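Chains as they are written, first to last, in the deposited numbering: chain A, 35 to 194, 201 to 253, 262 to 403, 411 to 436; chain A', 35 to 194, 201 to 253, 262 to 403, 411 to 436. A prime marks a further copy of an entry chain.
No residue lacks a Cβ here, since even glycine has one placed at the ideal position from N, Cα and C.
2 protein chains.
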Amino acid sequence: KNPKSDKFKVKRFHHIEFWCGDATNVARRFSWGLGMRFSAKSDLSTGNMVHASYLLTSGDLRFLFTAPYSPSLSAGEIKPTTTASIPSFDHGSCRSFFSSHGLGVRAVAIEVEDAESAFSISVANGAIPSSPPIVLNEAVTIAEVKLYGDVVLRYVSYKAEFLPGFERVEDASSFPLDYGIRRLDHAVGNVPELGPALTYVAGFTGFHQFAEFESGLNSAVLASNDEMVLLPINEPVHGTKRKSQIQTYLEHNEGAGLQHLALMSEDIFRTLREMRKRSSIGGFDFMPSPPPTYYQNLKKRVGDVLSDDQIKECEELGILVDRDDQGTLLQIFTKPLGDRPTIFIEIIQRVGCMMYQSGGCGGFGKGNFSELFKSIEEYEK
Amino acid sequence: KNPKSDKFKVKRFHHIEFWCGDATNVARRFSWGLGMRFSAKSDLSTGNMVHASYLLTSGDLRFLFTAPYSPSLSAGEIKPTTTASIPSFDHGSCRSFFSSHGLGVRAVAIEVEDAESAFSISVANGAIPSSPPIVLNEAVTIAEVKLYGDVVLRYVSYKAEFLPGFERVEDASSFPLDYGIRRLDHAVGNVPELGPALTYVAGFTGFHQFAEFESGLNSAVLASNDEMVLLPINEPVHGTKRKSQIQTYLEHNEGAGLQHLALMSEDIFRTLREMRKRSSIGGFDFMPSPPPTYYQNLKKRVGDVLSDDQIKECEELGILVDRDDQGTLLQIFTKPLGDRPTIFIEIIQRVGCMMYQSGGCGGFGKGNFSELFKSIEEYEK
Ligand SMILES: O=C(O)Cc1ccccc1O
Ligand SMILES: O=C(O)Cc1ccccc1O
Ligand SMILES: [Co+2]
Ligand SMILES: [Co+2]
């Protein structure tokens, strides 16, 4: 069931912020590789002497890329006189984050009704504060609490254009790329111990465990009331023949952090075609495809959902398919987005659970561990 | 004249190394924006636990992009047991460089006859050592001395494939991009004081001042014996109405460093067409074009070198033209390559000075300061 125990009003995923060494180059790579438009900036040209921040958008999906300038540019500033557009930014925290983790997600931001209420109630309920509520131009309130590792859960709330002090990019620089991605479906964290992580986060949010349906991990999923904010969390399982990829993550990331973002497409076939066309010319690479035996086995499992043509199209693109009690899930995983084997991206599309589509329709692919192992016995063939 | 006073045998520009926060994303951006192939790697997959290094090539042009992993991966190593493929790399120096300068060039590498000789003779003649000669796999010798700021001049010499411990990229990942760029023509440094910089560098190389032919800079050019290694150096001039861009550089870079790389194309028209097509989809932007009056004035200066059609093609692409006593220079400048207004790139092609083409044929564009100022009086039109 769903007890709907959110301790404050949570709306939707609002944006994801990457902390970078150079925001320009990461943003331009992601824009081409994923098909996202440059839509806002806050940097030297907008008066920001503290950080460079570039926003990419695709549908409702908002990726923010931020890097620090030299502290010398803003050395005479103090917090009351700051030119930073994101008041929680701090040169030392950002350099320390990036040197410790490399390229990765600093903030998972959700839109709430009242960011100040959400911050107070969260801290009242165990959340470790990270940046207190700050009202920007009497219009937007932002607050941050620790999520896991050095990742913050950022609350944003609007009285009624991204953030004050961001400018819309003059569209001579804004090329209308679009490969079909429309919103963030869920965000996945890796921790050394799942239980305490769950207890902490569920402790201060009231998010409930999302109901689900021997290789490497245990996981569980936290969800908001309407189950549109979904936050899976993994822990490693040790002693296994193949080393736990969760453990590999923790080693190369220097501890807990965000493992991957799941991006919903409105047409996963066109998204993967478009992304794969660009893999070797600046975009993203994809995990190796499952063997043909995996795809033959797809008819017996989802032959009622997908035509033979649609199945054959899943095979051309390397798409995985899983199915819940309520819907069917199409998914695929990129290779790591940067130098370290840490953060990656998953492209997904859900079919079923109409009534709008309810959140998590089809689950998260748990069934594909078994299906891929058994399929990999294609050595017989 | 040219006294040919090189104190050791210098061959050609060999490569440029960028020090990055994340080498993967910078390299993939540069590859698409400039049309360079992925040709070698040294990283986790090759046994390197210290740094990630990716090599892009176009003709003879070699761009190397390097970033540090977590020190924890190599904490049990010492220099005799290192897995780094570039023995001069050091986690602390790289993080300190990047935090101080942002994305930029760490090494200007030239190939010499004997890197050990070049290092000893240079230090004997005033060069500040940076990394002593090291022989890699009994095949390649590398040595580094300080050039200016935190930029090193790196010597490389081969007994007789980039460097030992680098693998050729398996070409499923190596897409044969090519927009016409073929080699590095010259590399430009900005310093606070030109005179001491010249005296130091000419002091330990024997490079001579390259003979040339009121807004912002003084500059001078150092050259090797056959004048194929060219190293211009700028200093700011203060008190000017418009602030010195050299000074702006020094402020945002936190001191002296490499200002820009000049890349020779074999077809500057195709290069700029191809680069401009990609400016807004992950590539590089170009400085704003000169006014039409600049291009009308081109007939009277280079009408004997370029047809009206070729001139009109210069106007479509924003190409600048200057002319020496010996040849004609076509040039254009990108906007900054990363977040800070520091490093950028120039695309060039030279016509004249046949006998092969002698180095610096057409100069470096000094004449375009005056031509652009006078051309900008198009307000009358
Ligand atoms: O970590 C993964 O590879 C995928 C994942 C993450 C979290 C919960 C369930 C799940 O299948
Ligand atoms: O700095 C620049 O913009 C161009 C330059 C650099 C160095 C020498 C001569 C010259 O025209
Ligand atoms: Co998932
Ligand atoms: Co130049």
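Worksheet entry | Inter-residue CB distance, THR58(A') and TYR88(A') (contact presumed, cutoff 8 Å) | As a working mapping, residue 58(A') is identified with position 24 in the second sequence. As a working mapping, residue 88(A') is identified with position 54 in the second sequence. Rounded, the Cβ-Cβ distance is 7 Å, consistent with contact.
Item to complete: Tell me whether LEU309(A) sits in a helix, a strand or coil according to DSSP, three-state version.
Response: The sequence position of residue 309(A) within the first sequence is 261, counting from 1. Three-state DSSP puts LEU309(A) in a strand.
Fill in: C-beta neighbour in chain A for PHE132(A'), strict 7 Å
In the second sequence, the residue the question calls residue 132(A') occupies position 98. Yes, contact with chain A.
Fill in: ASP40(A') versus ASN273(A'): straight-line alpha-carbon distance, rounded
Along the second sequence, one-based indexing puts residue 40(A') at 6. Along the second sequence, one-based indexing puts residue 273(A') at 225. Computed Cα separation, rounded: 6 Å.
Practice prompt. Output, in sequence order along the chain, the residues in the region 36–48 of chain A' whose CB is closer than 9 Å to any CB in chain A.
Written response: Correct list: empty, as no residue qualifies.
Discussion item. Here's a check: name, in chain order, each residue in its chain whose Cβ is nearer than 8 Å to the Cβ of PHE123(A), leaving out the five neighbours to either side.
Written reply: Here residue 123(A) refers to the residue found at position 89 of the first sequence. So the qualifying residues of the chain are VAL84, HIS85, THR100, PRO102.
Discussion item. Quick check: the Cα distance between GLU150(A) and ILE176(A), rounded to an integer number of angstroms?
Written reply: Within the first sequence, residue 150(A) is the residue found at index 116, counting from 1. Within the first sequence, residue 176(A) is the residue found at index 142, counting from 1. Looking at the two C-alpha atoms, the distance is approximately 8 Å.
Practice prompt. Assign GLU302(A) to one of two classes, buried (16 or more other C-beta atoms within 10 Å of its C-beta) or exposed (fewer than that).
Written response: Here residue 302(A) corresponds to residue number 254 of the first sequence, with the count starting at 1. Answer is buried; the Cβ neighbour count reaches 16.
Worksheet item: Between the region 38–52 of chain A' and the region 413–433 of chain A, do at least 3 Cβ pairs fall closer than 8 Å?
Response: no
Practice prompt. In the DSSP assignment, find the unbroken beta strand (DSSP E) run with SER134(A) in it and report its ends.
Written response: Counting from one through the first sequence, the residue named residue 134(A) turns up at place 100. Unbroken run through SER134(A) is the alpha helix (DSSP H), 125–135; no beta strand (DSSP E).
Worksheet item: Does the pairing of the region 214–223 of chain A' with the region 310–317 of chain A' give three or more beta-carbon distances under 8 Å?
Response: yes
Worksheet item: Short check: CB of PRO204(A) to CB of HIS300(A), under 7 Å?
Response: Along the first sequence, read from residue 1 onward, the residue named residue 204(A) stands at position 164. Along the first sequence, read from residue 1 onward, the residue named residue 300(A) stands at position 252. Cβ atoms of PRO204(A) and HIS300(A): not closer than 7 Å.
Practice prompt. Go ahead and label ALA109(A') buried or exposed: buried means 16 or more other beta carbons lie within 10 angstroms of its beta carbon, across all protein chains shown.
Written response: Here the question's residue 109(A') lines up with position 75 in the second sequence. The residue is exposed, with fewer than 16 neighbouring Cβ atoms inside 10 Å.
Item to complete: Measure the C-alpha to C-alpha separation of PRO384(A) and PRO105(A') and round it to an integer number of angstroms.
Response: The count along the first sequence starts at 1 and reaches residue 384(A) at position 336. The count along the second sequence starts at 1 and reaches residue 105(A') at position 71. Their backbone Cα atoms lie some 19 Å apart in a straight line.
Worksheet item: How is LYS325(A) classed by DSSP in three states: helix, strand or coil?
Response: Within the first sequence, residue 325(A) is the residue found at index 277, counting from 1. Correct three-state label for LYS325(A): helix.
Worksheet item: Since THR390(A) is in the beta strand (DSSP E), which residue starts that stretch and which ends it?
Response: As a position in the first sequence, residue 390(A) is number 342, starting the count at 1. From DSSP, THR390(A) is part of no beta strand (DSSP E); its letter is neither H nor E.
Fill in: Segment contact, 8 Å Cβ cut-off, at least three pairs: the region 122–140 of chain A with the region 180–189 of chain A
yes
Worksheet entry | C-alpha distance - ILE120(A') paired with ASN82(A'), whole-angstrom precision | By one-based count along the second sequence, residue 120(A') stands at place 86. By one-based count along the second sequence, residue 82(A') stands at place 48. If I take the Cα positions, the gap works out to 10 Å.
Worksheet item: What are the boundary residues of the alpha helix (DSSP H) that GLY229(A) is part of?
Response: Here residue 229(A) corresponds to residue number 189 of the first sequence, with the count starting at 1. Where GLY229(A) is concerned, there is no enclosing alpha helix (DSSP H), although the beta strand (DSSP E) around it starts and stops at 221–230.
Worksheet item: Are any of the Cβ atoms in chain A nearer than 7 Å to that of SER213(A')?
Response: Position 173 of the second sequence, counting from 1, holds the residue named residue 213(A'). Yes, its Cβ sits closer than 7 Å to a Cβ of chain A.
Worksheet entry | Closest residue to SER413(A) among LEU377(A), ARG208(A), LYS43(A) (Cα-Cα distance) | Taking the first residue of the first sequence as 1, we reach residue 413(A) at position 358. Of the candidates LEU377(A), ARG208(A), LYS43(A), the residue whose Cα lies closest to the Cα of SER413(A) is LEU377(A).
Discussion item. I'd like to know if the region 413–422 of chain A and the region 361–373 of chain A are in contact, where contact means that at least 3 CB-CB pairs between them fall below 8 Å.
Written reply: yes
Worksheet item: Under the criterion of a Cβ to heavy atom distance below 6 Å, does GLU394(A') qualify as lining ligand 4?
Response: Taking the second sequence and counting its residues from 1, the one referred to as residue 394(A') is at position 346. Within the cutoff, so yes.
Worksheet item: For ligand 2, is there a heavy atom less than 6 Å away from the beta-carbon of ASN282(A')?
Response: Working through the second sequence from its first residue, we reach residue 282(A') at position 234. Yes, Cβ of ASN282(A') sits closer than 6 Å to a heavy atom of ligand 2.
Worksheet item: Does any heavy atom of ligand 3 sit closer than 6 Å to the C-beta of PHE334(A)?
Response: Sequence index remark: in the first sequence, residue 334(A) carries index 286 (1-based). Look at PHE334(A): its beta carbon is at least 6 Å from all of the heavy atoms in ligand 3.
Worksheet item: Using DSSP with H/G/I as helix, E/B as strand and the rest coil, what is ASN273(A')?
Response: Counting from one through the second sequence, the residue named residue 273(A') turns up at place 225. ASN273(A') falls in the coil class under three-state DSSP.
Practice prompt. Given a cut-off of 7 Å, decide if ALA143(A) and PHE244(A) are closer than it, judged by their beta-carbon atoms.
Written response: For the purposes of this step, residue 244(A) is taken as the residue at position 204 of the first sequence. For the purposes of this step, residue 143(A) is taken as the residue at position 109 of the first sequence. Not closer than 7 Å, so no.
Practice prompt. Could you check how far apart the C-beta atoms of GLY375(A') and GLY400(A') are, in whole angstroms? I think they sit under 8 Å.
Written response: For the purposes of this step, residue 375(A') is taken as residue 327 along the second sequence, with counting starting at 1. For the purposes of this step, residue 400(A') is taken as residue 352 along the second sequence, with counting starting at 1. Correct: roughly 3 Å between the Cβ atoms.
Practice prompt. Check the C-beta distance from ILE281(A) over to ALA271(A) and give it rounded, since I have them as a contact under 8 Å.
Written response: One-based indexing of the first sequence puts residue 281(A) at position 233. One-based indexing of the first sequence puts residue 271(A) at position 223. Contact flag wrong, Cβ pair sits at about 12 Å.
Worksheet entry | Ordered list of alpha helix (DSSP H) runs contained in the region 88–162 of chain A, each at least 4 residues | Fully enclosed alpha helix (DSSP H) runs of 4 or longer: 125–135, 149–158.
Discussion item. I'd like to confirm something about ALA310(A): is its beta-carbon nearer than 6 Å to some heavy atom of ligand 3, or not?
Written reply: Along the first sequence, one-based indexing puts residue 310(A) at 262. It does: the Cβ of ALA310(A) is within 6 Å (strictly closer) of some heavy atom of ligand 3.
Item to complete: Report the option in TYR240(A'), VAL241(A'), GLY287(A'), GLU178(A') whose CA atom is closest to the CA atom of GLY264(A').
Response: Residue numbering aside, residue 264(A') sits at position 216 when the second sequence is read from its first letter. Checking every option, the nearest Cα to that of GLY264(A') belongs to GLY287(A').
Fill in: Residues bridged to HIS286(A) [DSSP beta-bridge criterion]
Working through the first sequence from its first residue, we reach residue 286(A) at position 238. Beta-bridge pairing links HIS286(A) to no other residue.
Practice prompt. Provide the residue span of the alpha helix (DSSP H) that contains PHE253(A'), from first to last.
Written response: Indexing the second sequence from 1 puts residue 253(A') at position 213. It is not in any alpha helix (DSSP H) - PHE253(A') carries neither H nor E in the DSSP assignment.
Fill in: Helix, strand or coil at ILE176(A') according to DSSP, with G and I counted as helix
Taking the first residue of the second sequence as position 1, residue 176(A') is located at position 142. Looking at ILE176(A') - three-state DSSP - the assignment turns out to be strand.
Discussion item. Please tell me whether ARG290(A') has its Cβ less than 7 Å away from any Cβ of chain A.
Written reply: As a working note, residue 290(A') is residue 242 in the second sequence. Judged by the 7 Å Cβ criterion, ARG290(A') is not in contact with chain A.
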